[PDB]
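> Below you'll find the structure I mean.
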Amino acid sequence: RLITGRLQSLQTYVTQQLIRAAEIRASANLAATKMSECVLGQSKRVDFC
Amino acid sequence: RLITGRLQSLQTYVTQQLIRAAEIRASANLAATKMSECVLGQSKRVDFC
Amino acid sequence: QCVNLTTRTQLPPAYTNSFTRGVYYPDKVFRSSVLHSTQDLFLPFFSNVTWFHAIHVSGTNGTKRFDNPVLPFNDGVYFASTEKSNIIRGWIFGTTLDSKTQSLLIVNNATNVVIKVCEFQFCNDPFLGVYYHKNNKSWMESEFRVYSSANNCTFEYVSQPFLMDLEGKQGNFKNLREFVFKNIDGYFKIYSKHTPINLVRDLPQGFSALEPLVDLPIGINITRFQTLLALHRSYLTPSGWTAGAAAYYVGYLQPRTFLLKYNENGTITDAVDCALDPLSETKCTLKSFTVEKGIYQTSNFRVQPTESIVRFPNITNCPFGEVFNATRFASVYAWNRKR
Amino acid sequence: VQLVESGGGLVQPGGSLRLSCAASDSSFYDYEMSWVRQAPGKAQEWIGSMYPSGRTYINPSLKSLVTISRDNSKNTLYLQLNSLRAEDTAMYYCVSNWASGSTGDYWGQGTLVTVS
Amino acid sequence: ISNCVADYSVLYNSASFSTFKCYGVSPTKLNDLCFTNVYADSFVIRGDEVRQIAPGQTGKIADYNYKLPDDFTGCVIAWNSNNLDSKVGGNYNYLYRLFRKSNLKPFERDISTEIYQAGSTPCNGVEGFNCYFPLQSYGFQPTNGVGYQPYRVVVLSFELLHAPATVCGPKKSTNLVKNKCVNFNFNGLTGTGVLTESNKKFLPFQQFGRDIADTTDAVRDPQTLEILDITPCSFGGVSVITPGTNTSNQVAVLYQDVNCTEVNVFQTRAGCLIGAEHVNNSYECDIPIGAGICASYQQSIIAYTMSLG
Amino acid sequence: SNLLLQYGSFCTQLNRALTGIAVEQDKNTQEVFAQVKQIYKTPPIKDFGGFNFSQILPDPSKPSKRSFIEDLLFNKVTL
Ligand SMILES: *[C@@H]1O[C@H](CO)[C@@H](O[C@@H]2O[C@H](CO)[C@@H](O)[C@H](O)[C@H]2NC(C)=O)[C@H](O)[C@H]1NC(C)=O
Ligand SMILES: *[C@@H]1O[C@H](CO)[C@@H](O[C@@H]2O[C@H](CO)[C@@H](O)[C@H](O)[C@H]2NC(C)=O)[C@H](O)[C@H]1NC(C)=O
Ligand SMILES: *[C@@H]1O[C@H](CO)[C@@H](O)[C@H](O)[C@H]1NC(C)=O
Ligand SMILES: *[C@@H]1O[C@H](CO)[C@@H](O)[C@H](O)[C@H]1NC(C)=O
Ligand SMILES: *[C@@H]1O[C@H](CO)[C@@H](O)[C@H](O)[C@H]1NC(C)=O
Ligand SMILES: *[C@@H]1O[C@H](CO)[C@@H](O)[C@H](O)[C@H]1NC(C)=O
Ligand SMILES: *[C@@H]1O[C@H](CO)[C@@H](O)[C@H](O)[C@H]1NC(C)=O
Ligand SMILES: *[C@@H]1O[C@H](CO)[C@@H](O)[C@H](O)[C@H]1NC(C)=O
């Protein structure tokens with residue numbers, strides 16, 4: 001009863017991290033894009049930079 | 001005892017396949033714009049193409 | 001019986017590292033070109049095997065020494081024996097090797113091998129003899145000095161002989177045989193194979209898987225075994241003893257995890273012993289014999305706790321003496337409850 | 001089971017039979033074994049006895065019928081008998097230390113040798 | 001006799017049997033239990049001593065000769081042996097003892113023929129007054145009937161001690177049919193699938209093979225030592241291709257990745273498709289079937305290989 | 001199997017999800033490549049001012065008319 005409860009509690013936190021990691025990664029691709037164009041360039045895109 | 005273990009094991013791959021699919025659909029949308037802006041035109045966005 | 005004369009030797013054993021030896025099929029399942037991980041009893045790679053000497057090689061006029069005595073065998077051992085000539089009929093597997101206990105007997109008897117799991121009364125020096133008897137014109141193979149009494153006959157075995165001659169090239173191979181003696185759940189198993197030896201005494205680095213031979217439903221608790229030998233007498237070829245010579249090796253098994261390669265046709269081409277060195281552990285977790293560059297996490301290690309303590313307070317007392325150190329006790333109709 | 005009796009069976013009058021008694025060890029022979037029977041009315045007279053070192057003495061007046069031999073490999077016993085008669089109407093016993101009473105011994109199986 | 005195969009069903013139609021007396025084992029299910037050791041004792045008893053000689057009896061015989069455990073797991077055989085122990089003149093050689101001190105314990109060999117007194121004075125080894133003999137000889141006469149006739153009785157008594165069990169009978173057998181979906185039982189391996197002829201190489205000490213992840217693939221037939229493959233019986237989803245319930249009520253069924261021979265009829269790279277007729281044209285895709293093949297409805301349902309433009 | 005009907009419709013959620021994300025894989029490829037209404041063809045004469053383009057155009061050779069480079073990609077992943 002303790003093994004199944006503790007094991008199943010751990011699977012939630014691995015699963016919530018994987019969802020929360022994909023949110024950080026999606027924001028770490030915008031920052032990489034925003035760096036190439038806003039900083040190393042001079043963008044014409046509106047409200048982007 | 002086997003059903004609650006096999007069912008829980010099966011529900012792990014459906015959940016993990018769903019997160020992997022969001023990874024591919026995120027780069028299958030990037031590959032779609034790069035085929036529209038880099039290939040079907042000339043882009044001024046820095047470091048994109 | 002039981003000629004008792006050693007009285008001279010207490011030499012320690014020679015220790016070597018068996019390069020890649022002691023790999024077996026812990027199942028009866030065919031496997032294609034697969035890599036499999038098993039957790040059974042195996043000899044750790046590069047372990048100190050006690051190199052014992054068989055009937056010695058000291059040639060002045062006969063006089064070959066016998067310095068291979070009683071041995072212990074915890075859970076499983078190897079018997080890598082060269083034996084250019086037949087010197088061991090079998091072994092003295094058992095518990096105490098005396099009366100009232102069943103001694104597991106294996107004897108060559110190279111027409112039909114017999115296993116006799118019954119109570120016996122073996123002594124310290126059971127030995128052989130093969131010569132004439134002035135009748136039938138041959139060198140008969142009487143085995144009377146081996147055992148005195150065969151009591152409470154219970155089990156039987158008749159099959160082909162385990163050992164044979166396969167050199168055919170003036171020696172230089174010795175037809176090495178290695179054996180494993182496992183007894184788990186009362187089932188006794190033996191593994192063997194014919195291999196050649198090019199060194200004078202030492203073991204090569206070659207790899208060879210040793211297939212199973214026999215499963216025995218014996219069912220006896222195991223504590224200790226003993227080794228057998230064969231000293232046929234001598235005649236006018238210069239009392240009468242000291243015939244034959246070889247070299248033996250005895251190791252010890254341990255519960256270890258192995259990763260065993262498989263050829264396209266079941267032969268274990270290679271194996272790796274986990275829990276030796278970090279590289280072996282890296283292969284065992286990845287299940288691969290070729291590992292690319294990188295940093296790989298194999299396992300955890302914790303600082304095991306040392307001697308444990310317990311701490312409790314002071315004021316460990318009431319005067320129980322005032323109950324028992326009373327000068328006189330009262331009448332048996334006036335029992336007191338000194339609460 | 002220390003001692004086991006081998007062979008024997010029902011005997012036709014005018015026939016012959018051979019007995020046997022497998023021995024646990026040569027050490028238990030010390031110092032008088034027994035090929036004992038229970039003859040009808042006749043007293044308990046020892047027939048087969050022997051020694052651990054390999055001696056043999058037999059009763060002079062009853063040795064015209066009984067012969068003894070041994071082999072040391074199987075520790076089997078040979079009691080080669082000839083001209084069996086009605087003086088054996090019982091089932092035999094081959095028990096060690098028989099002469100010391102009927103309580104300091106182990107009883108095995110025994111064999112029956114009777115005629116009409 | 002041990003470490004072999006026993007049979008009891010044949011023992012029903014072998015000789016003339018009289019009474020089936022079984023303790024602790026159902027007589028219709030004699031081929032289930034595994035015991036440690038076998039003590040095969042088959043001998044001869046009297047006629048009324050099928051009941052008069054039995055475990056837990058008193059009087060003369062059962063108390064003092066041998067005792068067997070009243071916890072039997074087996075059967076007691078009863079035949080008619082009037083031609084074995086009854087001979088003219090009498091088989092008085094054997095001994096029906098009268099009385100002793102107490103009983104025995106199960107599976108003991110207590111055979112002593114000591115003489116038991118009725119009083120207390122010692123005979124000093126000489127038979128005489130008050131030296132009553134508890135030994136009595138067997139009484140067999142051809143004139144005497146069931147009250148003294150002999151009956152062949154074989155008692156198969158099995159111990160309930162704690163030890164490994166080795167001696168049982170098998171579950172044989174049937175023949176072989178190959179290339180068919182059948183459920184097989186190979187030496188304790190229970191499964192189903194298609195048995196075919198293989199070309200692999202087992203080492204001559206193995207029973208069955210498996211590639212990866214405990215998926216058994218080949219099992220050697222233990223009659224001819226031939227290696228037989230295992231392939232699971234085919235399956236796969238079933239799809240219904242419809243042009244809309246108002247356009248028509250005609251459909252075509254697709255079996256997901258199933259050969260046609262194992263079910264117009266057409267074979268696609270995505271399974272077998274029935275009810276739709278293949279055409280050599282190529283139109284814009286309407287209902288995607290898979291692997292480059294689509295289908296639509298234009299008074300029948302037809303299948304294409306879609307055109308890109 | 002009759003013991004599994006007590007767990008409701010967990011067996012139908014899993015099928016619906018996997019079928020859901022198996023249709024997408026046909027939408028990912030559909031969106032990337034299918035962006036031209038018509039299939040254009042290079043003229044049989046190749047006169048592009050000096051630029052070669054031969055390594056990337058399809059060839060009159062073995063079927064599955066992939067270029068000299070697409071074959072390298074179709075042989076470096078297939079394991
Ligand atoms: C059994 O194992 C051996 C080890 O490789 C292999 O034997 C080869 O088999 C192929 C075809 O099966 C033959 O062309 C070769 O002559 C064999 N060579 C050797 C060195 O054995 C194979 O995996 C298995 N097949 C056998 C012995 O026929
Ligand atoms: C354009 O590219 C092709 C290669 O795809 C060139 O064809 C080569 O021409 C040479 C002539 O000497 C041959 O030896 C080669 O076998 C051809 N293949 C390669 C890989 O070199 C072709 O010449 C080029 N056309 C130009 C530059 O005008
Ligand atoms: C050697 O073994 C023999 C057995 O025959 C015995 O007589 C003798 O006492 C032994 N000598 C020892 C233990 O020193
Ligand atoms: C193995 O052999 C030597 C020889 O005695 C022994 O002392 C030691 O335990 C081992 N040496 C090493 C390096 O393991
Ligand atoms: C050969 O067999 C045994 C071995 O000792 C022997 O007793 C016997 O005398 C020999 N055979 C003959 C016919 O002598
Ligand atoms: C009781 O009195 C005796 C005196 O001989 C002494 O030894 C003993 O320790 C006393 N018991 C207690 C609990 O004090
Ligand atoms: C289907 O079954 C038949 C065997 O009758 C076989 O010839 C055929 O190759 C199999 N596969 C296909 C795609 O037809
Ligand atoms: C399709 O194949 C050829 C033309 O490609 C034609 O001769 C044949 O009649 C056609 N068969 C069907 C069923 O359309």
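Each chain of the structure tokens is named A, B, ... in the order shown, its residues numbered from 1; ligands are numbered from 1 in display order.
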Mind checking which residues fall within 12 Å of residue 159 in chain E, counting only C-alpha atoms, ignoring those fewer than 3 positions away in the same chain, and posting them as an NGL selection string?
:E and (24 or 34-39 or 68-74 or 106-107 or 156 or 162-163 or 165)
> Could the residues in this selection be saved with N, CA and C atoms as a PDB file, in the first residue's frame?

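This is the output file out13.pdb:
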ATOM      1  N   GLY E  24      -8.432 -40.674   0.556  1.00  0.00           N
ATOM      2  CA  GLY E  24      -7.751 -39.408   0.389  1.00  0.00           C
ATOM      3  C   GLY E  24      -7.511 -38.965  -1.037  1.00  0.00           C
ATOM      4  N   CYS E  34       1.549 -35.011  -7.316  1.00  0.00           N
ATOM      5  CA  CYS E  34       2.936 -35.457  -7.313  1.00  0.00           C
ATOM      6  C   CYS E  34       3.403 -35.717  -5.889  1.00  0.00           C
ATOM      7  N   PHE E  35       3.937 -36.915  -5.669  1.00  0.00           N
ATOM      8  CA  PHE E  35       4.426 -37.369  -4.378  1.00  0.00           C
ATOM      9  C   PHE E  35       5.945 -37.444  -4.405  1.00  0.00           C
ATOM     10  N   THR E  36       6.526 -37.571  -3.214  1.00  0.00           N
ATOM     11  CA  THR E  36       7.978 -37.555  -3.084  1.00  0.00           C
ATOM     12  C   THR E  36       8.595 -38.872  -3.535  1.00  0.00           C
ATOM     13  N   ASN E  37       8.173 -39.977  -2.928  1.00  0.00           N
ATOM     14  CA  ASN E  37       8.733 -41.287  -3.216  1.00  0.00           C
ATOM     15  C   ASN E  37       7.620 -42.319  -3.334  1.00  0.00           C
ATOM     16  N   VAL E  38       7.946 -43.422  -4.001  1.00  0.00           N
ATOM     17  CA  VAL E  38       7.025 -44.527  -4.232  1.00  0.00           C
ATOM     18  C   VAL E  38       7.558 -45.752  -3.507  1.00  0.00           C
ATOM     19  N   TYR E  39       6.702 -46.388  -2.714  1.00  0.00           N
ATOM     20  CA  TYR E  39       7.012 -47.649  -2.046  1.00  0.00           C
ATOM     21  C   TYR E  39       6.024 -48.686  -2.575  1.00  0.00           C
ATOM     22  N   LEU E  68      -0.089 -48.730   9.288  1.00  0.00           N
ATOM     23  CA  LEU E  68       0.047 -47.789   8.191  1.00  0.00           C
ATOM     24  C   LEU E  68      -0.698 -46.494   8.514  1.00  0.00           C
ATOM     25  N   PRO E  69      -0.260 -45.353   7.977  1.00  0.00           N
ATOM     26  CA  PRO E  69      -0.864 -44.080   8.390  1.00  0.00           C
ATOM     27  C   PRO E  69      -2.294 -43.951   7.894  1.00  0.00           C
ATOM     28  N   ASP E  70      -3.200 -43.666   8.825  1.00  0.00           N
ATOM     29  CA  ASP E  70      -4.625 -43.506   8.537  1.00  0.00           C
ATOM     30  C   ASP E  70      -4.924 -42.280   7.681  1.00  0.00           C
ATOM     31  N   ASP E  71      -3.891 -41.599   7.194  1.00  0.00           N
ATOM     32  CA  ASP E  71      -4.020 -40.423   6.341  1.00  0.00           C
ATOM     33  C   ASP E  71      -3.677 -40.757   4.891  1.00  0.00           C
ATOM     34  N   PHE E  72      -4.106 -41.934   4.432  1.00  0.00           N
ATOM     35  CA  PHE E  72      -3.717 -42.438   3.119  1.00  0.00           C
ATOM     36  C   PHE E  72      -4.106 -41.473   2.008  1.00  0.00           C
ATOM     37  N   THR E  73      -3.255 -41.390   0.992  1.00  0.00           N
ATOM     38  CA  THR E  73      -3.561 -40.691  -0.253  1.00  0.00           C
ATOM     39  C   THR E  73      -3.338 -41.684  -1.388  1.00  0.00           C
ATOM     40  N   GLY E  74      -4.348 -42.493  -1.674  1.00  0.00           N
ATOM     41  CA  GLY E  74      -4.225 -43.524  -2.692  1.00  0.00           C
ATOM     42  C   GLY E  74      -5.413 -44.473  -2.640  1.00  0.00           C
ATOM     43  N   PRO E 106       3.070 -45.585  12.047  1.00  0.00           N
ATOM     44  CA  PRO E 106       3.025 -45.791  10.595  1.00  0.00           C
ATOM     45  C   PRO E 106       4.412 -45.897   9.976  1.00  0.00           C
ATOM     46  N   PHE E 107       4.529 -46.796   8.994  1.00  0.00           N
ATOM     47  CA  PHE E 107       5.770 -47.018   8.246  1.00  0.00           C
ATOM     48  C   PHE E 107       6.938 -47.385   9.161  1.00  0.00           C
ATOM     49  N   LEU E 156      -1.424 -49.132  -2.077  1.00  0.00           N
ATOM     50  CA  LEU E 156      -0.521 -48.081  -2.539  1.00  0.00           C
ATOM     51  C   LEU E 156      -0.691 -46.888  -1.601  1.00  0.00           C
ATOM     52  N   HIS E 162       7.301 -33.787   4.018  1.00  0.00           N
ATOM     53  CA  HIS E 162       7.686 -32.544   3.356  1.00  0.00           C
ATOM     54  C   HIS E 162       8.992 -32.784   2.606  1.00  0.00           C
ATOM     55  N   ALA E 163       8.883 -33.006   1.300  1.00  0.00           N
ATOM     56  CA  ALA E 163      10.031 -33.286   0.451  1.00  0.00           C
ATOM     57  C   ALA E 163       9.639 -32.991  -0.990  1.00  0.00           C
ATOM     58  N   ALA E 165       8.662 -33.440  -4.839  1.00  0.00           N
ATOM     59  CA  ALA E 165       7.891 -34.452  -5.547  1.00  0.00           C
ATOM     60  C   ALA E 165       8.363 -34.551  -6.991  1.00  0.00           C
TER      61      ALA E 165
END
> Name all residues at most 8 Å from residue 28 in chain F (count only C-alpha atoms; drop same-chain ones fewer than 6 positions away) and give them as a list in words.
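Skipping anything fewer than 6 positions along the chain leaves residues 25, 28 and 29 of chain B.
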> Can you check which parts of chain C lie within 7 Å of ligand 1? Per residue, the shortest pair of atoms and distance in Å to one decimal, counting only C-alpha atoms and all ligand atoms, sorted by chain and number, as a tab-separated table.

residue	atom	partner	partner_atom_place_in_ligand_line	distance
C:263	CA	ligand 1	23 (O)	6.6
C:264	CA	ligand 1	23 (O)	4.8
C:265	CA	ligand 1	23 (O)	4.2
C:266	CA	ligand 1	2 (O)	7.0
C:267	CA	ligand 1	2 (O)	6.8
> Mind pulling up the distance from CA of residue 155 in chain E to CA of residue 101 in chain E?
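Distance between the two atoms: 26.0 Å.
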> Need the shell around range 38-44 of chain B: protein/DNA/RNA residues with any atom at most 9 Å away, counting only C-alpha atoms. Skip same-chain ones fewer than 4 positions apart. Format as number ranges by chain?
A: 43-44; B: 33-34, 48-49
> With a distance threshold of 10 Å and counting only C-alpha atoms, extract the residues of chain E near chain C and express them as a PDB file with N, CA and C atoms, in the first residue's frame.

ATOM      1  N   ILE E   1      10.760 -48.008  -6.600  1.00  0.00           N
ATOM      2  CA  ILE E   1      10.917 -47.580  -7.984  1.00  0.00           C
ATOM      3  C   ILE E   1      10.507 -46.117  -8.041  1.00  0.00           C
ATOM      4  N   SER E   2      11.381 -45.270  -8.584  1.00  0.00           N
ATOM      5  CA  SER E   2      11.171 -43.831  -8.526  1.00  0.00           C
ATOM      6  C   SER E   2      11.688 -43.172  -9.795  1.00  0.00           C
ATOM      7  N   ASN E   3      11.296 -41.906  -9.968  1.00  0.00           N
ATOM      8  CA  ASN E   3      11.750 -41.059 -11.073  1.00  0.00           C
ATOM      9  C   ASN E   3      11.362 -41.649 -12.430  1.00  0.00           C
ATOM     10  N   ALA E 163       8.883 -33.006   1.300  1.00  0.00           N
ATOM     11  CA  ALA E 163      10.031 -33.286   0.451  1.00  0.00           C
ATOM     12  C   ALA E 163       9.639 -32.991  -0.990  1.00  0.00           C
ATOM     13  N   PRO E 164      10.613 -32.778  -1.878  1.00  0.00           N
ATOM     14  CA  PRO E 164      10.275 -32.538  -3.288  1.00  0.00           C
ATOM     15  C   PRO E 164       9.574 -33.734  -3.915  1.00  0.00           C
ATOM     16  N   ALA E 165       8.662 -33.440  -4.839  1.00  0.00           N
ATOM     17  CA  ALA E 165       7.891 -34.452  -5.547  1.00  0.00           C
ATOM     18  C   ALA E 165       8.363 -34.551  -6.991  1.00  0.00           C
ATOM     19  N   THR E 166       8.534 -35.785  -7.469  1.00  0.00           N
ATOM     20  CA  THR E 166       9.184 -36.011  -8.755  1.00  0.00           C
ATOM     21  C   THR E 166       8.395 -36.941  -9.671  1.00  0.00           C
ATOM     22  N   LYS E 200      16.165 -22.528 -38.500  1.00  0.00           N
ATOM     23  CA  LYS E 200      17.120 -22.071 -37.504  1.00  0.00           C
ATOM     24  C   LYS E 200      17.938 -23.242 -36.968  1.00  0.00           C
ATOM     25  N   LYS E 201      18.832 -22.934 -36.029  1.00  0.00           N
ATOM     26  CA  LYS E 201      19.753 -23.914 -35.451  1.00  0.00           C
ATOM     27  C   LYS E 201      19.681 -23.815 -33.929  1.00  0.00           C
ATOM     28  N   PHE E 202      18.996 -24.759 -33.285  1.00  0.00           N
ATOM     29  CA  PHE E 202      19.111 -24.894 -31.837  1.00  0.00           C
ATOM     30  C   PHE E 202      20.353 -25.689 -31.467  1.00  0.00           C
ATOM     31  N   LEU E 203      20.989 -25.300 -30.366  1.00  0.00           N
ATOM     32  CA  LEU E 203      21.998 -26.159 -29.772  1.00  0.00           C
ATOM     33  C   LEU E 203      21.326 -27.398 -29.177  1.00  0.00           C
ATOM     34  N   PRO E 204      21.998 -28.550 -29.203  1.00  0.00           N
ATOM     35  CA  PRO E 204      21.317 -29.795 -28.824  1.00  0.00           C
ATOM     36  C   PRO E 204      21.178 -29.985 -27.323  1.00  0.00           C
ATOM     37  N   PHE E 205      20.784 -28.931 -26.613  1.00  0.00           N
ATOM     38  CA  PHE E 205      20.358 -29.068 -25.228  1.00  0.00           C
ATOM     39  C   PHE E 205      19.210 -28.142 -24.866  1.00  0.00           C
ATOM     40  N   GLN E 206      18.680 -27.375 -25.811  1.00  0.00           N
ATOM     41  CA  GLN E 206      17.663 -26.372 -25.546  1.00  0.00           C
ATOM     42  C   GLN E 206      16.294 -26.881 -25.970  1.00  0.00           C
ATOM     43  N   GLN E 207      15.260 -26.277 -25.390  1.00  0.00           N
ATOM     44  CA  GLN E 207      13.880 -26.631 -25.696  1.00  0.00           C
ATOM     45  C   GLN E 207      13.223 -25.639 -26.646  1.00  0.00           C
ATOM     46  N   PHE E 208      13.240 -24.354 -26.300  1.00  0.00           N
ATOM     47  CA  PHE E 208      12.502 -23.336 -27.029  1.00  0.00           C
ATOM     48  C   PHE E 208      13.335 -22.069 -27.108  1.00  0.00           C
ATOM     49  N   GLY E 209      13.014 -21.221 -28.086  1.00  0.00           N
ATOM     50  CA  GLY E 209      13.788 -20.027 -28.332  1.00  0.00           C
ATOM     51  C   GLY E 209      12.938 -18.777 -28.218  1.00  0.00           C
ATOM     52  N   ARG E 210      13.626 -17.639 -28.135  1.00  0.00           N
ATOM     53  CA  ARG E 210      12.973 -16.339 -28.072  1.00  0.00           C
ATOM     54  C   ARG E 210      13.961 -15.276 -28.518  1.00  0.00           C
ATOM     55  N   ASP E 211      13.468 -14.269 -29.243  1.00  0.00           N
ATOM     56  CA  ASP E 211      14.369 -13.260 -29.795  1.00  0.00           C
ATOM     57  C   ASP E 211      14.688 -12.168 -28.780  1.00  0.00           C
ATOM     58  N   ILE E 212      13.694 -11.357 -28.424  1.00  0.00           N
ATOM     59  CA  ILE E 212      13.869 -10.243 -27.494  1.00  0.00           C
ATOM     60  C   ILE E 212      12.560 -10.051 -26.747  1.00  0.00           C
ATOM     61  N   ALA E 213      12.659  -9.665 -25.475  1.00  0.00           N
ATOM     62  CA  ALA E 213      11.498  -9.293 -24.667  1.00  0.00           C
ATOM     63  C   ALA E 213      10.565 -10.479 -24.436  1.00  0.00           C
ATOM     64  N   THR E 216       8.515 -15.765 -27.268  1.00  0.00           N
ATOM     65  CA  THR E 216       8.919 -17.077 -27.756  1.00  0.00           C
ATOM     66  C   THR E 216       8.656 -17.180 -29.251  1.00  0.00           C
ATOM     67  N   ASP E 217       9.615 -17.731 -29.979  1.00  0.00           N
ATOM     68  CA  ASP E 217       9.525 -17.776 -31.430  1.00  0.00           C
ATOM     69  C   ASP E 217       9.581 -19.181 -32.000  1.00  0.00           C
ATOM     70  N   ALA E 218      10.426 -20.045 -31.457  1.00  0.00           N
ATOM     71  CA  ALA E 218      10.594 -21.388 -31.979  1.00  0.00           C
ATOM     72  C   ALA E 218      10.595 -22.386 -30.835  1.00  0.00           C
ATOM     73  N   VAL E 219       9.905 -23.504 -31.032  1.00  0.00           N
ATOM     74  CA  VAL E 219       9.879 -24.590 -30.063  1.00  0.00           C
ATOM     75  C   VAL E 219      10.181 -25.887 -30.798  1.00  0.00           C
TER      76      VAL E 219
END
> Please identify every polymer residue within 8 Å of ligand 3, using only C-alpha atoms and all ligand atoms, and present the set as a ChimeraX atom specification.
/C:1-5,123-125
> For the residues selected in the previous step, produce a file with N, CA, C and O atoms as a short mmCIF file (atom, residue, chain, number, x, y, z; two decimals), in the first residue's frame.

data_model
loop_
_atom_site.label_atom_id
_atom_site.label_comp_id
_atom_site.auth_asym_id
_atom_site.auth_seq_id
_atom_site.Cartn_x
_atom_site.Cartn_y
_atom_site.Cartn_z
N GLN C 1 43.77 -50.31 5.31
CA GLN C 1 43.32 -49.36 4.30
C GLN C 1 43.73 -47.93 4.63
O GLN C 1 44.20 -47.65 5.74
N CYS C 2 43.55 -47.05 3.65
CA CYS C 2 43.67 -45.60 3.84
C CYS C 2 45.09 -45.22 4.27
O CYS C 2 45.32 -44.71 5.37
N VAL C 3 46.04 -45.47 3.37
CA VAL C 3 47.45 -45.21 3.62
C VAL C 3 47.66 -43.73 3.92
O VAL C 3 47.44 -42.87 3.05
N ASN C 4 48.12 -43.43 5.13
CA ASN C 4 48.14 -42.08 5.68
C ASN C 4 49.58 -41.64 5.86
O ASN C 4 50.20 -41.90 6.89
N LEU C 5 50.13 -40.96 4.84
CA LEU C 5 51.50 -40.45 4.93
C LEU C 5 51.62 -39.20 4.06
O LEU C 5 51.88 -39.29 2.86
N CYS C 123 36.87 -42.99 3.96
CA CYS C 123 37.98 -42.53 4.77
C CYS C 123 38.71 -41.41 4.04
O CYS C 123 38.27 -40.91 3.00
N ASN C 124 39.86 -41.01 4.58
CA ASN C 124 40.58 -39.85 4.06
C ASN C 124 41.24 -40.12 2.72
O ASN C 124 41.48 -39.17 1.97
N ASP C 125 41.55 -41.37 2.40
CA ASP C 125 42.38 -41.71 1.25
C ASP C 125 41.76 -42.82 0.42
O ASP C 125 42.26 -43.96 0.40
#
> Ligand 5: which residues are within 10 Å, counting only C-alpha atoms and all ligand atoms, as an NGL selection string?
:C and (132-138 or 140 or 142)
